[PDB]
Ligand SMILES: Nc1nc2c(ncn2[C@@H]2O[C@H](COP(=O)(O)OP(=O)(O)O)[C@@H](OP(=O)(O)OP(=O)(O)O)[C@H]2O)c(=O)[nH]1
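What follows is a single chain, given as structure tokens, in the form solved without the ligand.
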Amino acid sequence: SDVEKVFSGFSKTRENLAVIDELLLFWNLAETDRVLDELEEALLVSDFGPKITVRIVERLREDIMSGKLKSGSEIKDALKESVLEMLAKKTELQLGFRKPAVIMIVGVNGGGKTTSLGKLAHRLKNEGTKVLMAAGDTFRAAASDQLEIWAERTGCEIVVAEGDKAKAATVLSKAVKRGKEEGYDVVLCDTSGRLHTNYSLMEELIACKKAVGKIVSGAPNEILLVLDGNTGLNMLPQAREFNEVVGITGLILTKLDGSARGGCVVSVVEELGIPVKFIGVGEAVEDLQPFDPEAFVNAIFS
């Protein structure tokens, strides 16, 4: 079920990568170079970036020439293993034991940042976690309102901004101070949503993590970057930017339901070394799924 969510999320990627099975029917030692040329094309087509594609393909070539892989089916399994190792190389939320844990959620418009926060709150509440929401998306009035609805839905308290021109850092500080005083397990912090990254946005995010750190030592525990999965490889420059400016601990890739760009998941993880912790594969609250690298590899290749 949970597992079969992901099978649908990447159904189109799986259909497209299936051409690899057909190609491998015609593999033999002599045909290795031509077969690998075609495998390379298929990976690129599904948004495996140039860097990982060459890495995967050349490792297969080596292992074929060395005699480690002696059949099409062995080659296909080595392909799956090579991808799994690029992925899994922790995807769970690392909240520790000190209370409160602090989670910031960041990302640009269209990525489902505020919505994912709501769905995460719903998930945490399910496991019996005491959650305070903090509406630090001060740029988007509609986000703050949406979050209040989410707070009502999930049964969380929410700290909201006073006014249309509140400082996010101020709202977050107030939230974490309160979470600490009132014995909350987790403070879930939203942050400002913009059309695209810019100097103001990053300055703002830096100010935010600095303020929460002032109140609780080590905060935030997690800074999760939410990305529209449909942007494929075009997400990498942006994730790279968030990471070197702010310091991201986990990715959430959304809107993935039905995608043909499954390769980008592997590409973004291996390039930046940040784990994908959740994937959004639907509009339902329970369509925010923790990421399972093995099931993903099976979903796109099998």
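For every residue, the number given is its place in the sequence shown, counted from 1. Superpose the two forms; the largest set of C-alphas matching within 1.5 Å is the rigid core.
Per the records, residue 232 is modelled in every other compared entry, just as the shown structure includes it, so no third of them leave it out. In every other compared PDB entry of this protein that covers both flanking sides, residue 152 is modelled, so it falls short of the one-third threshold for missing coordinates.
Per the record, residue 89 and residue 90 are separated by a gap of 1 to 3 residues from the deposited sequence that were not modelled. Annotation for 289-297 versus 6-14: the higher mean temperature factor (C-alpha) is found in 6-14. Here the stretch with the larger average CA B-factor, out of 243-251 and 48-56, is 243-251.
Within the selection 74, 228, 190, 157, the deposited Cα B-factor values reach their highest point at 157.
Per the deposited record, 166 carries the highest C-alpha B-factor of all listed residues (93, 108, 103, 166). Looking at the C-alpha B-factors along this chain, the one for residue 218 belongs to the highest third. Sort the chain's modelled residues by C-alpha temperature factor and residue 267 lands in the lowest third, per the entry. Remark: residue 256 belongs to the highest third of its chain, ranked by C-alpha B-factor as recorded.
Among the modelled residues of the chain, residue 146 sits in the middle third by CA temperature factor in this PDB entry. In the deposited entry, the Cα temperature factor of residue 140 places it in the middle third of its chain's modelled residues.
Omitted from view is the form deposited with the ligand bound, to which the following refers.
The listed set 108, 224, 124, 159 contains one residue whose heavy atoms approach the ligand in the bound PDB entry to within 4.5 Å, identified as 108. Note on the partner interface in the bound PDB entry: the residue among 170, 129, 146, 82 having a heavy atom within 4.5 angstroms of the ligand is 146. Across the options 255-263, 24-32, 269-277, 46-54, residues that bring heavy atoms within 4.5 Å of the ligand in the bound PDB entry belong to 255-263.
Residue contact with the ligand in the bound PDB entry: residue 282 places a heavy atom within 4.5 Å of it. Under a 4.5 angstroms non-hydrogen atom cutoff, the ligand in the bound PDB entry lacks residue 209 among its neighbouring residues.
Taking the partner from elsewhere, residue 138 is found to have every heavy atom lying beyond 4.5 Å of the ligand in the bound PDB entry.
Although the partner is absent here, residue 76 is not a contact residue: none of its heavy atoms lies within 4.5 angstroms of the ligand in the bound PDB entry.
Shown here without the ligand, the chain has 108, 109, 110, 111, 112, 113, 114, 115, 119 in 102-128 lying with a heavy atom within 4.5 Å of that partner in the bound PDB entry. Once both forms are overlaid on the rigid core, the distance between the two CA positions of residue 249 between the shown form and the other one is under 2 angstroms. Superposition of the core reveals a Cα shift of less than 2 Å for residue 288 between the shown form and the other one. In this overlay on the rigid core, residue 275 has a C-alpha that sits less than 2 Å away from its partner position between the shown form and the other one.
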